[PDB]
Amino acid sequence: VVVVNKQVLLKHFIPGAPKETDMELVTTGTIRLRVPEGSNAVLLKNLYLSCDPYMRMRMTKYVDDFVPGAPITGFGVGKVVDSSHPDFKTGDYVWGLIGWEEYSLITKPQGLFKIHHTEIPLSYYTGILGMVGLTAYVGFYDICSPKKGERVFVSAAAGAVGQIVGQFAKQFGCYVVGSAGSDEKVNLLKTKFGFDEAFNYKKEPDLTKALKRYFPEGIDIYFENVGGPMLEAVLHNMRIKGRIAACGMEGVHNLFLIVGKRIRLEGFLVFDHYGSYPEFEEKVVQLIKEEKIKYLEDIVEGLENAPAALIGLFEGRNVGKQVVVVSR
Amino acid sequence: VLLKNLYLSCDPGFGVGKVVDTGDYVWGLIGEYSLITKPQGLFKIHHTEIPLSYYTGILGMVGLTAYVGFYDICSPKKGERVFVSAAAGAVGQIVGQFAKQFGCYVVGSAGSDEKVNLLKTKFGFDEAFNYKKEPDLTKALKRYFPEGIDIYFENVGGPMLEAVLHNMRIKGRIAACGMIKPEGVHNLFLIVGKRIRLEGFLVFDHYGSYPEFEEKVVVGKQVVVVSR
């Protein structure tokens, strides 16, 4: 039994900006609808794919590089078509690292997360109930060591992770301000996403002065997605014993302030915190069913459009988390 | 307290005195004699058997800075790989010896051969180099740390910090004790993929840790004297 398996490949490594033509759709590839006789594997029918900003790095030659001539890979959601592994069976829904294709043979099924809540749209497990949401959870609740009433700044706040960090922070009793690159997004953070305040970093000539304006008594917590001058502007406006969770990130000349302000600047990677996933799924499903958290998805239909969607996200032309629908 | 002042330190003041109005020896922030309105700034010197002068440095603020910065902020473990900038300075020298005593591999940085060669003899450093006869600090640190750096005791900043970040291991730790528009660091994103903790501290928050500290093992740490 053989079926068409369209794929989106990385055409080649790149050094500036990315283009639709750095990827290619191939439609002359096939797949058996069975896992190899003798492996403990699972074959997935892929439903949804996430476009996440860290995927830019994988296109240039210390995470795992993409491979030229092979399917682009990334987080997504699938249905189990066939499984010779004890922990999965036909019809189970899962999320994990999958190919940019219609079908993925998962050789190591233990890298998959079981979706227990098939009653909440499955595309959620590409973001808020996925890697993105789990990033925000561990970055805020763990790395920031927050306390009620503290003063929180989120850069790229309009992005998928930032929006979630801000709502966890508002829910925690913090004062919350956020940064974005367009008026449409600054307004949504206030009107959709519960942020106390928000500005367009591009309307502002002096980021230090801007942050002063929103934080008269200074900043306790910075959720960092950006770096550079924005970081310098935070350090100038940071309070004693403040905390910076470095989730993502030219030059910073401001660091000596870390000494006199007793600042903790710590990087993390969501990949170390998979053990926190079951707790996280429980909390966030509950918030969503309680209608206490808000979430917008940018939905693009068809693999054929995935390259454009990814480049769209890279440029910041998305509004809320960017999702590709492969099928059903 | 009216104190008769015995010893003065020089950092960038601290000293040791005797209580006149008694016989208690103390250390703390002092100015011949000093009137003290607020005396919580004065600590007792609970071992008059050790020479008292040492309470301007190694049994004083300097030593306490090294202690809390290394034992607390760096979270060290035996066998880890430690780099100390300004190693020849009063704090650095002490950090390095706490680290060697803790079982760590220890390398240090200084600005003159007299001090470098001093660090690699008297003060027990495994390695030491002179930052000014080194075109490429990144390459230099690589030379002394083939398997990379777990811990950086930071006194300097700038390009040295960039050089440490390039050479730092996963989950490494930087205790920011001091930093000399300053020079930029262009390297910080490495903090993300390496899961590095970069934390500043000020000894002034840690006066409570002093009793603990005092109970310890048993061109110089320079004490200017005043009396007998």
Side-chain angles (χ1 to χ4, degrees), chain A residues 53-54 56-58 60 62 64-65 135 138-139 142-145 155 161 208 222-232 234-236 238-249 251-273, chain B residues 11-12 65 68-69 72-75 85-86 91 148 151-170 172-179 181-203 205-207:
Chain A
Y54 74 96
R56 205 172 317 146
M57 274 173 283
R58 314 193 65 193
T60 295
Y62 191 41
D64 234 36
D65 283 356
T135 297
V138 321
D142 184 353
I143 302 300
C144 299
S145 299
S155 60
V161 188
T208 296
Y222 175 37
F223 193 91
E224 162 78 291
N225 287 311
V226 158
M230 185 67 80
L231 180 54
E232 289 182 291
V234 173
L235 292 168
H236 270 303
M238 187 149 278
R239 306 174 97 238
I240 300 310
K241 256 157 173 168
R243 301 164 299 295
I244 299 163
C247 168
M249 270 174 63
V252 177
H253 320 62
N254 220 337
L255 282 184
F256 62 88
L257 293 173
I258 273 172
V259 181
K261 291 173 185 209
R262 286 141 276 177
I263 287 161
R264 182 161 56 77
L265 169 55
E266 182 161 9
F268 72 105
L269 226 49
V270 74
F271 314 129
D272 301 333
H273 302 268
Chain B
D11 320 315
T65 304
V68 320
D72 185 348
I73 304 298
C74 298
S75 300
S85 58
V91 188
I151 298 176
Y152 176 35
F153 194 88
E154 163 78 291
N155 287 313
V156 159
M160 186 67 81
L161 179 55
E162 288 183 292
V164 174
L165 293 169
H166 270 305
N167 289 281
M168 185 150 274
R169 307 172 98 240
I170 300 310
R173 302 163 300 295
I174 300 162
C177 173
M179 273 172 61
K181 191 156 179 167
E183 206 141 344
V185 170
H186 307 81
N187 226 352
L188 281 185
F189 60 90
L190 292 175
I191 270 186
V192 179
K194 289 172 186 211
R195 288 142 275 180
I196 287 161
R197 182 161 55 78
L198 169 55
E199 181 163 3
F201 72 101
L202 223 52
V203 73
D205 300 330
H206 301 268
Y207 290 157

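Computed over heavy atoms, backbone and side chain alike; hydrogens, waters and symmetry mates excluded. So you know, we letter chains A, B, ... as the sequences are listed, proteins then strands, and number each from 1.
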Subject >> A:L255 portion near chain B, given a 4.5 angstrom heavy-atom threshold >> reply: both
**OP:** Measure B:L161 against the heavy atoms of chain A and call it side chain, backbone, both or neither at under 4.5 Å.
**Re:** side chain
**OP:** Using a 4.5 Å cut-off on heavy atoms from C-beta on, say whether the side chain of A:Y222 contacts that of A:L265.
**Re:** no
Subject >> A:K261, part contacting chain B, at a heavy-atom distance under 4.5 Å >> reply: neither
**OP:** Sequence neighbours left out, what passes side-chain contact (heavy atoms from CB on, under 4.5 Å) with B:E162? Give chain and number order.
**Re:** B:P159, B:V185, B:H186, B:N187
Subject >> Counterpart residues, side-chain hydrogen bond (donor to acceptor under 3.5 Å, both in side chains), relative to A:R239 (two or more places apart) >> reply: A:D220
Original post:
Is A:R262 close to B:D205 at the side-chain level, that is, under 4.5 Å between some pair of heavy atoms?
Top reply: yes
